[PDB]
Every structure is written in C-alpha cells, then in structure tokens.
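Have a look at the structure below, then the notes.
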Amino acid sequence: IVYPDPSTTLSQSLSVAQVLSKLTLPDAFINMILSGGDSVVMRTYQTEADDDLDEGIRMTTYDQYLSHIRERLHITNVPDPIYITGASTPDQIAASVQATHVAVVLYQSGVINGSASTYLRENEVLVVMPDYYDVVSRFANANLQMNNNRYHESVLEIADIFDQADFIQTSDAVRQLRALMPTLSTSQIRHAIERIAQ
Amino acid sequence: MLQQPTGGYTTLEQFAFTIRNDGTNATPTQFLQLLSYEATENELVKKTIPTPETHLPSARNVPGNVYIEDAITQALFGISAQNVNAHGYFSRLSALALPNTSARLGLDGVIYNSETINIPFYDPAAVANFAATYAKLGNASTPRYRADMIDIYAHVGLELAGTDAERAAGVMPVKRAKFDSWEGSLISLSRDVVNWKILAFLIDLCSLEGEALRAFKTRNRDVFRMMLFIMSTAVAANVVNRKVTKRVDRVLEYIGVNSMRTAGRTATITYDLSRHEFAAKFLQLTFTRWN
Amino acid sequence: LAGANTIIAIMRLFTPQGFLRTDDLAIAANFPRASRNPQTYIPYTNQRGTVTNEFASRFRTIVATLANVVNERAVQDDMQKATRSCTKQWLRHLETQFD
Amino acid sequence: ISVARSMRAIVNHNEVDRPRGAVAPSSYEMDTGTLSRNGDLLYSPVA
Amino acid sequence: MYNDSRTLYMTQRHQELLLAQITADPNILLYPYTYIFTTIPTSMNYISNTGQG
Amino acid sequence: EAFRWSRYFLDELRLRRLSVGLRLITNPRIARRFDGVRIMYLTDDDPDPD
C-alpha cells in the first residue's frame, strides 16, 4: 500500500492562504481610516435669551434614525432607548443612557415637564421625533426662543456619539486628518483603492 | 546584601510602585479615587478558598540561570501577546526552599546558582519562606493540581470595588466600574505596572510578623488593589467607553465575575487559555497568605 | 387607513423628494408669470455631509421594504420559486448601480 | 514658519560670546534611556 | 436567572439535603457553583380542573 | 470568538504598528505646510529666520 507525503498537500494550503491575505489587504485599510463617522443631519434648538448659537435641545426625525442609528445599535448588543412619552422622570433618561452607552431617546406625545426638559441641554441626549410640522407644542417652558421661527440646523457625526474602541476609529489626531479631504464620493474612494494596488 | 528591619523592603525608596498618569507620576492611592461604580443586580457571593497542596515540584537540573522574576509578571500583567507558557523553567524557585543552599536570589529579578561578584541580593533567610509558598506555583498546569478559574474571581471583585459595609457580610451586588480616561488607558497601565519589582512585595508577606504585618497590610492594601485592577480588565466582558460632551469614560462591563475571553482584543490587555490556569494558581496561592 | 395598513405602507414609497423654492431671480427681473406667485420643485437637493448622500440612502430603504413584498408572496407550482430567488440578483444589483 | 530648526549659525563671533539669535541643541536629542521589559523607550530619572 | 443561567438555585432546605449526605459519605462529586435563596415568597391560590362535565 | 468584531480586517500585530505610526503623522515638526499670507508694503530688510 502507498502512503502519500504530507509535505506536498500542506504546501498547497499555506500558498492559497497567503494569497488571500495580501489580496484584500489594501481594501480593508482605506475602509479603516474612513468609517470613522458621518452624516445624521440634526438641528439644535437654541433655547434661552439668545445667549447661544448652540444650546443643546437638539432633535432628529424618526426617518433619519431608521437608516443610520438603528443598524449600528444592533451590532453592539444593547437594550433600546426608552421613550420620553410624557410626565417621565428627569432620571429615566439617565437610567436608559446607562445601559445604552449612547445618548438617545424616542419620541414625545403628551408635552413633558420643565424638569425633564432642562436635563436634555447639558447631556446632549437627542430626541427623535416622528413628526416635524411643529415642535414647541410638546414642551412646557418659560418662553424664550422657543417659537419654531428658527433653530440653527447643521450636521452630526457617527464619530462622536457611538464610539467603540473597535469598528469606529476614534483617534482625534486622525479626526484632524479626516477633516481635510475634498469631500469624497463613491468613485473618488474607488480610484483610491485602485492606485494603492500598483 | 540588603536586610529588613521588620519594616520590610517595601518600607524603602529603592523600589516603589507608582503609576504614571495625569501628566506627572502618581501613587496608586491617588489613582483609585477615580473609579466610581453602580449596581446591576447579580449577587456575587464570597465562597471559601481551598488550601493549596504541599508537594513542591522539582527544579529539574538547569545550568545557567533563568530570570524567575520576569515570568511571574510576564504572565500576570504581561501586555504583549504571550503565547503558551504552561511549559517552562518556572519552578527553579524550589531550589531556594531548602535550608543550606548556596543559590541566591538577587535584586532586579534573577536567580543565581552561586552568588557572584558585585550583585546585591535579598536576605537568604527570609527568601526561604517566600519559596516554601510560591515555588508551589511550579505545578500550575499539572492535571489534578490546577486551581479553578471561576470562584476566585468572586474574591477579587470584593477587594478592589467592595465598600467595607459589604465585605463584613460576605456578599455584594455585581458592579460596573467606570473611571475617567485619556488615550491608551488600560494598555498604558499595563506597560507601566509590569516593571514594578513584584518580588520586593511578596517577600514581605511571608516574613513580617503580627506587629509589622497589621501595619504592613495597611500601607500596602493599595499596591495590591492596583495589580489587581489591571489583572481584572483581562477578564471583563466589555470595555465600551461612554461619552460626555468633551469627556470620556472607560466603563468596564462586569468586574468580579469571570468570563473566559478578553473584552480588550485591541483596547486592553489579553489573556490566553494557558494563562487562565496560571492566574487562578497565583490568585489562589496569594489570597491565603494575604487574607 | 382602517384595515389595510399593509397597503397604506408601500403607498408612501411615491413620496416627493427635495424642497419647493420660491424662485426670485425671475420675479426680481420682472419676467411675466401666469401664476400670482412664482414657485417650483427642485426636485432632490444636493450633498450635505462628507460621505452620506441621503438620496442614495432613501432608495436603499425602498429596496429594503420592497424586497419583503417579493420575499413573502406565497406561490405554488415551483417555476415562480425559481424566479422568486433569482430576482434578488436583480433587486440588489440595481441598488448598487444606483449608489 | 520654521518649526523644524534644531540649531543655527555654527560660528563664533568676532569679539563677543553668543552671536545674537543662536540656538543650542535640545537637551533631549542627547539622552539614551534604557529599555523596559514590556516598555521600550523611556528617559532618565532626573531626580 | 435569565442573564445568569449557570448556577442551580436551591431553596434553603433543598440545599441541606446535600449537606446531610455529604457528611454521611466523604468523596462524592457535586455541581460546585451554587446559589441559596430564601425569598420565594408567598401569594394567591388559583383553581382548575382538566376533567369532563 | 472571531465573528464578534472585525478589527477592520487588519492583522493583530499590524494593528499595533498603526498605533506608533499615528504619532509620527501628527508631530509638530513634520507639518510644514502653512495657511494664510498677509500682504503689506514695508520695504526694510534684515533676512531673519521669521
């Protein structure tokens, strides 16, 4: 009976395995310097006697939340954020954010008290609203800057809220690096993982 | 040829355990104040600790000299990936356990066969008791000897995060400990606590008597609660860092409950299967001596 | 709707995009408008972030919810089970071409 | 401008000591620190 | 117990039956990780039958 | 175990070299590009450094 030599089949494996690693090597690197964070267009409502360009009462739509925040909140296994609803305690937001790791709370129905409304200013917990027709029907207030007749609207980041030591590259030295490039598309980044090949 | 006045080598400035953080260098006591914790409702109760087995392994004949000290730390708090270490020259210790031996244990962390010229070493009489307890760490991976890598950890969490109001009853609520951080954090304390001269501590535990043991345990219950914290993040299930406005917190999942694989991966220090048996053999051996 | 939320759902995938603007560069130069007020649609804004593009992500959501309608239609006789699987190789390929 | 400037004007003046704007080498470009077991490059004790 | 699900939850007097037999014979293997709880507690009674009629 | 995180598909040792390299790329002496230039006329000369 003939018994085949182990060396000739063992050599084939370490060859097909070595080719695979250096194949996708440049592809995964650019997807690391990027992937830091992006998008999520939110507006911050400047409350008070206009002594701020950024107050802290920010909110986004339930629509924007369903395509950016929801998918990532399932990669990291967490209980979903509690609903503010109305007449909720100014520590229920705190009790949620504890086990959520990210500042976020869902919707508003019956106008909340001016005890929980203050809380949202410093902690930056953003409230996702299903509607956007009007917003100051759902807050009880001392009446300053509230009247919907403006709010400085800008953009947020996945780089700030949602930090994970892995999967979201969070180094501010590279955050400084990332804030220089001339706004990449899908074709600009494609030719980037192409010139790095040859 | 240093000697101890019963103050012990820890009552000395020759070697002192200091963490570096905050832009300057600080003592362990100052650090721990930052560790604030809450409760998550899974009762972590103190079990009993089974006594070790007297049989000492044999230091198989070895020419040259190994850095016995190196490995003790290079396994516990070793940061850089450490491969299998269940094997090794890890029991040359027992060659100091017998009465009249010439083999001496220097400073820095070596074990000489014959005392050589120009090398300062611990006192030959008080290094004997240290061996009749720690040379027993040689058989750490021998089947039917290894400790249990689950229950000791309950003992560990009641130490660095247990308010006395709790330990006096033997039961406490599982905690989730978060302090404020900087950049590398958890990995930086490891690269730091590694070079500490651990032998300068352990020798004192087995010698210093009730007079200077009650006083020793009071000034050093913190150098212990430091090399016990790092050794703990090598176990915890998660390391996710919460975000304030500009501040960053290093929430640690479940200190005091032992899982099987590191939360760090990349963020913190990591253990291995061969090391899980080792940490249980150390943690078990040391607690009886301490407590 | 009363008892067919199942239809009043996909019956929202036709929603208008972008914003409506009051054109001023025509009314400021006094061009004759048959409407009392000059208005128009855009009809889909432009890029706002660095690498987001919400218009491409809106279409991605349509493809996601429109896939379930195809991946639920209980058919019989097998030939539709053949095309019921090989339609996602068109349903997903097309969404990648869109981005 | 001029951030990468270790030192300058390596000539001694006609009659006076230091020739105006003259920079001496940094006290760190000249320090060999021993390596730790895990750690790799650290400076001298200084005290 | 949902989040834990690794220790068997004996109920005081349930635990003692092992303690009464472990001393009756040394050298016998048991599941090491154990939790003892006294809080059950008590409540309402209910009623039912699975017969005919 | 391996299917928990991706590590950006990079190697374990090669991910640690990135940490040391991310210090070189941000050092005060390597950044040699400058922004902003004020135009003014004062014709009077010493060469100086800056």
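Numbering starts fresh at 1 for the residues of each chain in the structure tokens, the chains themselves are lettered A, B, ... in the order given, and ligands are numbered from 1 as they appear.
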**Request:** Would you list, as an MDAnalysis selection string, the residues of chain F that end up in helix (DSSP H, G or I) under DSSP run on this structure's backbone?
**Result:** chainID F and resid 7:9 14:24
Take the residues that were just selected and, keeping C-alpha atoms, output them as a compact mmCIF listing (two decimals), in the first residue's frame.
```
# COMPACT_ATOMS: atom_id res chain seq x y z
CA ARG F 7 -10.66 44.68 13.58
CA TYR F 8 -11.14 46.38 10.18
CA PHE F 9 -9.95 43.00 8.78
CA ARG F 14 -0.15 45.08 12.13
CA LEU F 15 -2.83 46.93 14.12
CA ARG F 16 -0.30 47.67 16.88
CA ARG F 17 2.24 49.20 14.46
CA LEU F 18 -0.52 51.62 13.43
CA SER F 19 -0.51 52.99 17.00
CA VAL F 20 3.17 54.03 16.85
CA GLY F 21 2.80 55.33 13.27
CA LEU F 22 -0.13 57.55 14.28
CA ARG F 23 2.34 59.53 16.41
CA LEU F 24 4.78 60.24 13.57
```
**Item:** Residues within 12 Å of region 200-212 of chain B, only C-alpha atoms, excluding chain neighbours under 6 positions, as number ranges by chain
**Value:** B: 2-17, 69, 72, 105-109, 121-134, 218-224, 227, 282, 285-291
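Taking CA of residue 120 (chain A) as the reference point, CA of residue 49 (chain A) is found at 17.3 Å.
Residue list for chain B within 9 Å of chain F: residues 261, 265 and 266 of chain B, counting only C-alpha atoms.
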Write the residues of the selection above to a file with N, CA, C and O atoms, as an mmCIF file, in the first residue's frame.
```cif
data_model
loop_
_atom_site.group_PDB
_atom_site.id
_atom_site.type_symbol
_atom_site.label_atom_id
_atom_site.label_comp_id
_atom_site.auth_asym_id
_atom_site.auth_seq_id
_atom_site.Cartn_x
_atom_site.Cartn_y
_atom_site.Cartn_z
ATOM 1 N N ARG B 261 -12.975 35.135 27.883
ATOM 2 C CA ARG B 261 -12.174 35.855 26.894
ATOM 3 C C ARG B 261 -12.240 37.370 27.054
ATOM 4 O O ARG B 261 -13.265 37.917 27.472
ATOM 5 N N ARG B 265 -9.242 42.693 23.389
ATOM 6 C CA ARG B 265 -8.982 42.365 21.994
ATOM 7 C C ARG B 265 -7.868 43.241 21.431
ATOM 8 O O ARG B 265 -6.786 42.775 21.079
ATOM 9 N N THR B 266 -8.185 44.533 21.362
ATOM 10 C CA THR B 266 -7.311 45.585 20.848
ATOM 11 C C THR B 266 -7.209 46.738 21.846
ATOM 12 O O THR B 266 -6.176 47.404 21.931
#
```
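Comparing C:2, C:30, C:91, C:16 by their smallest distance to residue 65 (chain C), the closest is C:91 (using only C-alpha atoms).
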**Prompt:** Do you know which residues are at most 10 Å from residue 11 (chain D) counting only C-alpha atoms, after dropping those on the same chain fewer than 6 positions away, and could you put them as a PyMOL selection string?
**Reply:** chain D and resi 18-19+22
Pull C-alpha atoms from the residues just selected and write them as a short mmCIF file (atom, residue, chain, number, x, y, z; two decimals), in the first residue's frame.
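This went into again-v5.cif:
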```cif
data_model
loop_
_atom_site.label_atom_id
_atom_site.label_comp_id
_atom_site.auth_asym_id
_atom_site.auth_seq_id
_atom_site.Cartn_x
_atom_site.Cartn_y
_atom_site.Cartn_z
CA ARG D 18 26.99 84.32 21.68
CA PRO D 19 26.24 85.60 18.14
CA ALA D 22 21.88 81.39 18.22
#
```
**Request:** Pick out the residues sitting within 10 Å of residue 23 (chain D), and hand them over as a PyMOL selection string; count only C-alpha atoms, and ignore anything fewer than 5 positions along from it in its own chain.
**Result:** chain D and resi 5-10+18
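Atom pair CA of residue 55 (chain B) / CA of residue 96 (chain B) has a distance of 14.9 Å (rounded to one decimal).
With only C-alpha atoms as the basis for measurement, C:53 is the residue among C:6, C:15, C:53, C:85 that approaches chain A most closely.
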Shell of 10 Å around region 31-33 of chain A, only C-alpha atoms, local chain residues under 3 positions omitted, as a tab-separated table (two decimals) with N, CA and C atoms, in the first residue's frame:
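So the final result, stored in out23.tsv, reads:
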```
chain	number	residue	atom	x	y	z
A	26	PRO	N	-5.03	45.97	0.97
A	26	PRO	CA	-5.19	47.41	0.76
A	26	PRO	C	-6.65	47.87	0.84
A	27	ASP	N	-7.57	46.96	0.51
A	27	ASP	CA	-9.01	47.24	0.52
A	27	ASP	C	-9.54	47.57	1.91
A	28	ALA	N	-9.05	46.84	2.91
A	28	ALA	CA	-9.52	46.98	4.29
A	28	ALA	C	-8.91	48.17	5.02
A	36	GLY	N	-14.81	56.30	10.14
A	36	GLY	CA	-14.75	56.98	11.43
A	36	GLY	C	-16.10	57.48	11.88
A	167	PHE	N	-14.09	49.08	15.48
A	167	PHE	CA	-15.17	49.27	14.49
A	167	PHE	C	-15.48	50.73	14.14
A	168	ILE	N	-15.26	51.63	15.08
A	168	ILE	CA	-15.28	53.07	14.80
A	168	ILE	C	-13.94	53.65	15.23
A	169	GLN	N	-13.09	53.95	14.25
A	169	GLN	CA	-11.77	54.50	14.55
A	169	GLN	C	-11.89	55.90	15.14
A	170	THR	N	-11.67	55.98	16.45
A	170	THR	CA	-11.79	57.23	17.18
A	170	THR	C	-10.44	57.66	17.75
A	171	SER	N	-9.66	58.31	16.89
A	171	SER	CA	-8.44	59.00	17.29
A	171	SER	C	-8.54	60.41	16.73
A	174	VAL	N	-6.39	61.61	13.95
A	174	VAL	CA	-6.91	61.21	12.64
A	174	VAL	C	-8.26	61.87	12.33
A	175	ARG	N	-8.94	62.37	13.36
A	175	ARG	CA	-10.15	63.18	13.18
A	175	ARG	C	-9.74	64.51	12.55
A	177	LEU	N	-6.99	64.66	10.76
A	177	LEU	CA	-6.56	64.19	9.44
A	177	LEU	C	-7.75	64.07	8.48
A	178	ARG	N	-8.87	63.56	8.99
A	178	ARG	CA	-10.08	63.33	8.19
A	178	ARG	C	-10.77	64.63	7.78
A	189	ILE	N	-13.37	57.38	-3.86
A	189	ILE	CA	-12.87	56.38	-2.93
A	189	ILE	C	-12.56	55.04	-3.63
A	193	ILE	N	-8.78	53.03	-3.74
A	193	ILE	CA	-8.47	51.62	-3.56
A	193	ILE	C	-8.22	50.99	-4.94
F	7	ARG	N	-12.01	44.10	13.50
F	7	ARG	CA	-10.66	44.68	13.58
F	7	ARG	C	-10.27	45.35	12.26
F	8	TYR	N	-11.28	45.83	11.53
F	8	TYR	CA	-11.14	46.38	10.18
F	8	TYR	C	-10.46	45.40	9.21
F	9	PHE	N	-10.58	44.10	9.53
F	9	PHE	CA	-9.95	43.00	8.78
F	9	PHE	C	-8.41	43.03	8.76
F	10	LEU	N	-7.82	43.95	9.51
F	10	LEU	CA	-6.37	44.05	9.63
F	10	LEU	C	-5.82	43.02	10.61
```
**Request:** Check the DSSP output for the backbone and give back, as JSON, numbers by chain, the residues of chain C in strand (DSSP E).
**Result:** {"C": [20, 21, 40, 41]}
Using only N, CA, C and O atoms, please write the residues we just selected to a file, as a tab-separated table (two decimals), in the first residue's frame.
```tsv
chain	number	residue	atom	x	y	z
C	20	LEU	N	-39.41	72.65	-2.09
C	20	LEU	CA	-40.01	73.62	-3.00
C	20	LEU	C	-39.42	75.00	-2.74
C	20	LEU	O	-39.31	75.42	-1.58
C	21	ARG	N	-39.01	75.69	-3.80
C	21	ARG	CA	-38.42	77.02	-3.65
C	21	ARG	C	-39.19	78.10	-4.40
C	21	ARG	O	-39.74	77.86	-5.48
C	40	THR	N	-41.76	76.47	-7.75
C	40	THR	CA	-41.28	75.27	-8.45
C	40	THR	C	-40.83	74.17	-7.47
C	40	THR	O	-40.78	74.39	-6.26
C	41	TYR	N	-40.51	73.00	-8.02
C	41	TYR	CA	-39.83	71.94	-7.27
C	41	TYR	C	-38.38	71.85	-7.78
C	41	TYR	O	-38.05	72.45	-8.81
```
**Prompt:** What does the distance between CA of residue 26 (chain D) and CA of residue 49 (chain F) come to in Å, to one decimal place?
**Reply:** 18.3 Å
**Asked** Please, which residues of chain A lie no more than 8 Å from chain B when the count uses only C-alpha atoms, and can they be set out as a PyMOL selection string?
**Response** chain A and resi 101-102+122-124+160-161+163-166
**Request:** Give the residues of chain B that lie within 7 Å of chain D; count only C-alpha atoms, and format the answer as a VMD selection string.
**Result:** chain B and resid 191 194 to 195
